[PDB]
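File shown here: final09.txt, holding compact mmCIF, C-alpha atoms.
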# COMPACT_ATOMS: atom_id res chain seq x y z
CA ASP A 502 58.81 52.21 -244.30
CA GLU A 503 59.67 55.74 -245.40
CA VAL A 504 62.28 57.13 -247.78
CA UNK A 505 65.29 59.35 -246.73
CA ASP B 34 102.04 47.08 -242.86
CA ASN B 35 98.94 45.30 -244.18
CA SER B 36 96.69 46.37 -241.29
CA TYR B 37 96.06 49.79 -239.78
CA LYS B 38 97.67 50.28 -236.37
CA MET B 39 94.75 50.15 -233.93
CA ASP B 40 96.65 50.02 -230.65
CA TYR B 41 96.83 53.75 -229.97
CA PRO B 42 95.56 54.70 -226.48
CA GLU B 43 92.10 55.42 -227.92
CA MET B 44 90.13 53.87 -230.79
CA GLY B 45 88.98 57.39 -231.57
CA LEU B 46 85.83 59.46 -231.81
CA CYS B 47 82.48 58.39 -233.24
CA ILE B 48 80.49 61.51 -234.10
CA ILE B 49 76.80 60.81 -234.68
CA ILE B 50 74.68 63.53 -236.29
CA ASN B 51 71.02 62.59 -235.87
CA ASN B 52 68.68 64.87 -237.83
CA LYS B 53 65.01 64.08 -237.30
CA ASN B 54 63.04 67.33 -237.65
CA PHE B 55 63.44 69.60 -240.67
CA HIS B 56 62.29 73.05 -241.74
CA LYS B 57 59.15 72.87 -243.90
CA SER B 58 61.01 74.47 -246.81
CA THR B 59 62.96 71.22 -247.21
CA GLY B 60 59.73 69.31 -247.74
CA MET B 61 61.16 66.52 -245.60
CA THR B 62 58.81 64.79 -243.18
CA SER B 63 60.04 63.83 -239.70
CA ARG B 64 62.54 60.96 -239.96
CA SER B 65 60.62 58.58 -237.69
CA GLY B 66 62.81 55.76 -236.44
CA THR B 67 66.09 57.65 -236.60
CA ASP B 68 66.37 57.75 -232.80
CA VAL B 69 66.43 53.95 -232.83
CA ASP B 70 69.39 54.14 -235.24
CA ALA B 71 71.15 56.73 -233.09
CA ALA B 72 70.80 54.64 -229.93
CA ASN B 73 71.82 51.46 -231.76
CA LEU B 74 74.95 53.14 -233.15
CA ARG B 75 75.85 54.66 -229.78
CA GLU B 76 75.79 51.25 -228.08
CA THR B 77 77.45 49.46 -230.99
CA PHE B 78 80.41 51.83 -231.13
CA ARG B 79 80.56 52.05 -227.35
CA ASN B 80 81.25 48.31 -227.38
CA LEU B 81 83.99 48.91 -229.95
CA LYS B 82 85.53 51.34 -227.45
CA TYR B 83 84.87 54.54 -229.42
CA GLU B 84 84.29 57.86 -227.69
CA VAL B 85 80.74 58.48 -228.91
CA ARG B 86 79.27 61.97 -229.21
CA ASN B 87 75.62 62.24 -230.27
CA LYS B 88 74.27 65.48 -231.75
CA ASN B 89 70.59 66.02 -232.64
CA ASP B 90 68.85 68.26 -235.19
CA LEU B 91 71.77 70.36 -236.41
CA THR B 92 71.37 73.10 -239.01
CA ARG B 93 73.68 72.89 -242.02
CA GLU B 94 75.81 75.62 -240.44
CA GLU B 95 76.07 73.73 -237.15
CA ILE B 96 77.16 70.57 -238.99
CA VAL B 97 79.99 72.46 -240.69
CA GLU B 98 81.04 74.12 -237.43
CA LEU B 99 81.02 70.80 -235.57
CA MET B 100 83.10 69.07 -238.24
CA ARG B 101 85.55 71.96 -238.36
CA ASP B 102 85.97 71.91 -234.57
CA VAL B 103 86.37 68.13 -234.43
CA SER B 104 88.97 68.19 -237.21
CA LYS B 105 90.90 70.77 -235.19
CA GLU B 106 91.18 68.50 -232.17
CA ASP B 107 94.41 66.65 -231.46
CA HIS B 108 93.78 63.08 -232.62
CA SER B 109 97.38 61.98 -231.97
CA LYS B 110 96.40 59.34 -229.40
CA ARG B 111 93.48 58.07 -231.49
CA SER B 112 93.66 55.16 -233.93
CA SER B 113 90.83 56.26 -236.19
CA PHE B 114 87.87 58.57 -236.72
CA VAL B 115 84.22 57.77 -237.34
CA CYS B 116 81.38 60.06 -238.37
CA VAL B 117 77.82 58.84 -238.84
CA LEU B 118 75.31 61.03 -240.66
CA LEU B 119 71.59 60.29 -240.28
CA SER B 120 69.42 62.63 -242.34
CA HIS B 121 67.77 63.40 -245.65
CA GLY B 122 70.09 63.72 -248.63
CA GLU B 123 70.66 63.95 -252.38
CA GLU B 124 73.62 62.72 -254.44
CA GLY B 125 76.74 64.16 -252.83
CA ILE B 126 74.60 66.08 -250.34
CA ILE B 127 73.55 65.70 -246.71
CA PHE B 128 70.79 67.81 -245.16
CA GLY B 129 71.07 70.03 -242.14
CA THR B 130 67.67 70.66 -240.54
CA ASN B 131 67.42 73.86 -242.60
CA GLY B 132 68.97 72.88 -245.91
CA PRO B 133 71.61 71.01 -247.98
CA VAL B 134 75.39 71.00 -247.59
CA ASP B 135 77.88 69.21 -249.82
CA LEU B 136 79.35 66.10 -248.25
CA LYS B 137 82.69 67.13 -249.75
CA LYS B 138 82.69 70.26 -247.56
CA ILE B 139 82.34 68.04 -244.48
CA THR B 140 84.92 65.41 -245.40
CA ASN B 141 87.50 67.94 -246.64
CA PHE B 142 88.18 69.05 -243.07
CA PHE B 143 89.75 65.63 -242.52
CA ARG B 144 91.94 65.52 -245.62
CA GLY B 145 95.42 64.11 -245.06
CA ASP B 146 96.82 67.63 -245.30
CA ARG B 147 94.19 69.46 -243.23
CA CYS B 148 93.95 67.16 -240.19
CA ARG B 149 97.54 66.11 -239.55
CA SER B 150 96.79 64.08 -236.42
CA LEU B 151 94.67 61.72 -238.54
CA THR B 152 97.10 61.42 -241.44
CA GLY B 153 97.65 57.74 -242.21
CA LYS B 154 94.70 56.76 -240.02
CA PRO B 155 91.33 55.40 -241.21
CA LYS B 156 88.62 58.05 -241.50
CA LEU B 157 85.15 56.51 -241.77
CA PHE B 158 81.99 58.28 -242.87
CA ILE B 159 78.83 56.21 -242.53
CA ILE B 160 75.94 57.81 -244.37
CA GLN B 161 72.27 56.93 -243.92
CA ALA B 162 70.54 59.28 -246.35
CA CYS B 163 68.96 59.37 -249.78
CA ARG B 164 71.23 59.90 -252.79
CA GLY B 165 68.42 60.74 -255.18
CA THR B 166 64.87 59.65 -255.92
CA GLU B 167 65.34 56.49 -257.98
CA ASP B 168 63.82 53.29 -256.60
CA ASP B 169 65.07 49.74 -257.08
CA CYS B 170 62.28 47.37 -258.16
CA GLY B 171 64.54 44.37 -257.68
CA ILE B 172 64.50 41.04 -259.49
CA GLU B 173 63.14 37.71 -258.25
CA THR B 174 65.75 35.07 -257.47
CA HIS C 185 107.38 59.67 -248.54
CA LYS C 186 104.02 61.23 -249.43
CA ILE C 187 100.49 59.83 -249.56
CA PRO C 188 97.43 61.23 -251.39
CA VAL C 189 95.38 63.67 -249.31
CA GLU C 190 92.27 61.65 -250.30
CA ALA C 191 93.76 58.39 -249.03
CA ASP C 192 92.54 56.49 -245.96
CA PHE C 193 88.86 57.47 -246.24
CA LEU C 194 86.01 54.96 -246.22
CA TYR C 195 82.53 56.10 -247.15
CA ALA C 196 79.93 53.51 -246.19
CA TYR C 197 76.86 54.73 -248.06
CA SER C 198 73.51 53.26 -247.13
CA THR C 199 72.47 53.13 -250.79
CA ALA C 200 73.71 53.22 -254.39
CA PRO C 201 74.26 56.53 -256.27
CA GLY C 202 71.00 58.21 -257.28
CA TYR C 203 68.76 56.02 -255.12
CA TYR C 204 66.41 56.30 -252.18
CA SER C 205 67.55 54.86 -248.84
CA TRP C 206 64.89 53.20 -246.68
CA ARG C 207 64.03 53.74 -243.03
CA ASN C 208 61.39 51.97 -240.96
CA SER C 209 59.58 54.19 -238.44
CA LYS C 210 59.64 51.47 -235.79
CA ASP C 211 62.85 49.52 -236.36
CA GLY C 212 65.14 52.19 -237.81
CA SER C 213 66.88 52.31 -241.19
CA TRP C 214 67.60 49.05 -243.02
CA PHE C 215 71.26 50.00 -243.38
CA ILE C 216 71.95 51.04 -239.79
CA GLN C 217 69.99 48.07 -238.41
CA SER C 218 72.14 45.76 -240.51
CA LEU C 219 75.40 47.61 -239.90
CA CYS C 220 75.06 47.45 -236.12
CA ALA C 221 74.01 43.79 -236.24
CA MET C 222 76.99 42.79 -238.37
CA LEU C 223 79.38 44.85 -236.24
CA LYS C 224 78.03 43.26 -233.06
CA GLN C 225 78.35 39.77 -234.53
CA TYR C 226 81.63 40.07 -236.46
CA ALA C 227 83.74 43.03 -235.30
CA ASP C 228 85.74 40.73 -233.02
CA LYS C 229 86.90 38.72 -236.03
CA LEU C 230 86.28 40.05 -239.56
CA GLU C 231 88.04 42.84 -241.45
CA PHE C 232 85.79 45.87 -242.05
CA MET C 233 85.24 45.40 -245.80
CA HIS C 234 84.05 41.86 -245.13
CA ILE C 235 81.69 43.05 -242.40
CA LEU C 236 80.32 45.68 -244.80
CA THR C 237 79.90 43.04 -247.50
CA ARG C 238 77.70 41.05 -245.13
CA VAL C 239 75.78 44.26 -244.45
CA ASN C 240 75.25 44.57 -248.21
CA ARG C 241 73.85 41.03 -248.33
CA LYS C 242 71.62 41.53 -245.29
CA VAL C 243 70.09 44.74 -246.67
CA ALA C 244 69.77 43.27 -250.16
CA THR C 245 68.07 40.04 -249.10
CA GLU C 246 66.16 40.60 -245.85
CA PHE C 247 64.44 43.89 -246.62
CA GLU C 248 61.69 44.95 -249.01
CA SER C 249 59.49 48.01 -248.62
CA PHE C 250 55.81 47.75 -247.75
CA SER C 251 53.57 50.72 -248.57
CA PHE C 252 49.88 51.44 -249.16
CA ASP C 253 51.18 53.64 -251.98
CA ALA C 254 52.03 51.29 -254.86
CA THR C 255 54.67 53.80 -255.98
CA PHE C 256 56.73 53.06 -252.86
CA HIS C 257 55.82 49.40 -252.46
CA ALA C 258 57.98 46.28 -252.92
CA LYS C 259 61.18 48.27 -253.34
CA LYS C 260 64.71 46.98 -252.70
CA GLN C 261 68.00 48.48 -251.60
CA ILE C 262 71.72 47.81 -251.91
CA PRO C 263 74.31 49.80 -249.90
CA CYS C 264 77.44 51.23 -251.49
CA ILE C 265 80.91 50.74 -250.01
CA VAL C 266 83.39 53.36 -251.22
CA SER C 267 86.93 52.69 -250.08
CA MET C 268 90.06 54.79 -250.45
CA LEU C 269 91.59 52.80 -247.59
CA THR C 270 95.17 51.58 -247.99
CA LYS C 271 95.19 48.87 -245.31
CA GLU C 272 92.91 46.29 -243.72
CA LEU C 273 90.81 47.53 -240.80
CA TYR C 274 90.06 45.44 -237.71
CA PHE C 275 88.32 46.77 -234.61
CA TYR C 276 90.30 44.30 -232.51
CA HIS C 277 93.93 44.21 -231.48
CA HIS C 278 96.13 41.17 -230.99
CA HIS C 279 98.55 42.17 -228.19

Re-express the file's structure as structure tokens.
Amino acid sequence: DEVX
Amino acid sequence: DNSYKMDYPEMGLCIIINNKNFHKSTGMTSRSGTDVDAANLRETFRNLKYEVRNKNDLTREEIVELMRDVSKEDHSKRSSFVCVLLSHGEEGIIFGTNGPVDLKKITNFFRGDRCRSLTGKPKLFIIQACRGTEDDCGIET
Amino acid sequence: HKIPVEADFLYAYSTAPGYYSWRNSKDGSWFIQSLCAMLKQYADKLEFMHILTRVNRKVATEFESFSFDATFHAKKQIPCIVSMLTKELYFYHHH
């Protein structure tokens, strides 16, 4: 999971 | 009267802007997984009978040019318009590979008075992008 | 005889104002994953706002971030439907  | 007329010859265009790689100055790391989204959206809208056009890694200038050109097309035989933006973002902003551009600049091209062939027709903008840096800790239910 | 120039726009934001939006490197973004799934399952029946409402529920309930960095761990997300639409939208047509 990564953040935009 | 209560429902948009969707029986024009074409459902309309589905423009997908898939930005994965950015210039270091943006400080944005490669958006791993975005190609999965792009492919998923292409198939999904294909099944809805939309004319899908995928575009990858566009600079902020290219995004504006693309939107301008698309808004200048004759959409008379199209029931609606869809634009999907996949990229980094901030509140009210979407990122080109080289920097930020206001979402308002993009959507304005399609205003009821600037894109006459889409007047009275649904214009959808689907935006997968950050709108700031706040996180939601949630609450147990 | 005239309609607002801002009318008939629908902005389906992946997240609420001011917030992060999550994307999984293997499966794609939570929002797009959910959007496509709900469209595939309900576009032949439900009105768009109702499909998007199910997307909101799917993203809100089935996803939670996992990170080795506690600062980005166990986070949640809710999409944001912004509608200036004046009519119901169905991707099907009764002929």

Compute the set of chain C residues within 9 Å of chain B, using only C-alpha atoms, and express it as JSON, numbers by chain. {"C": [187, 188, 189, 190, 191, 192, 193, 194, 195, 196, 197, 198, 199, 200, 201, 202, 203, 204, 205, 206, 207, 208, 209, 210, 211, 212, 213, 215, 216, 217, 219, 220, 221, 223, 224, 227, 228, 256, 257, 258, 259, 260, 261, 262, 269, 270, 271, 272, 273, 274, 275, 276, 277, 278, 279]}

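Picture a line from atom CA of residue C:222 to atom CA of residue B:51; it runs 20.8 Å.
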
One decimal, in Å: what's the spacing between atom CA of residue B:106 and atom CA of residue B:42? 15.6 Å

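The gap separating atom CA of residue C:266 from atom CA of residue C:249 is 24.6 Å, in Å to one decimal.
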
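Nearest residue to chain A among B:150, B:120, B:54, B:59 is B:120, counting all atoms listed in the file.
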
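Residue nearest chain A, chosen from B:111, B:61, B:46, B:85 and counting all atoms listed in the file: B:61.
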
For the point (58.5, 53.0, -247.1) in the file's frame, write as a PDB file with C-alpha atoms, keeping the file's coordinate frame all residues with an atom no more than 6 Å away, counting only C-alpha atoms.
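After the write, out22.pdb holds the following:
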ATOM      1  CA  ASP A 502      58.810  52.210-244.300  1.00  0.00           C
ATOM      2  CA  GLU A 503      59.670  55.740-245.400  1.00  0.00           C
ATOM      3  CA  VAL A 504      62.280  57.130-247.780  1.00  0.00           C
TER       4      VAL A 504
ATOM      5  CA  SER C 249      59.490  48.010-248.620  1.00  0.00           C
ATOM      6  CA  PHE C 250      55.810  47.750-247.750  1.00  0.00           C
ATOM      7  CA  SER C 251      53.570  50.720-248.570  1.00  0.00           C
TER       8      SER C 251
END

The centre and edge lengths of an axis-aligned box containing all atoms of stretch 197-216 of chain C present in the file, extended by 8 Å on each side, are to be given in Å to one decimal, as JSON.
{"center_x": 68.2, "center_y": 53.6, "center_z": -246.5, "size_x": 33.3, "size_y": 25.2, "size_z": 37.5}
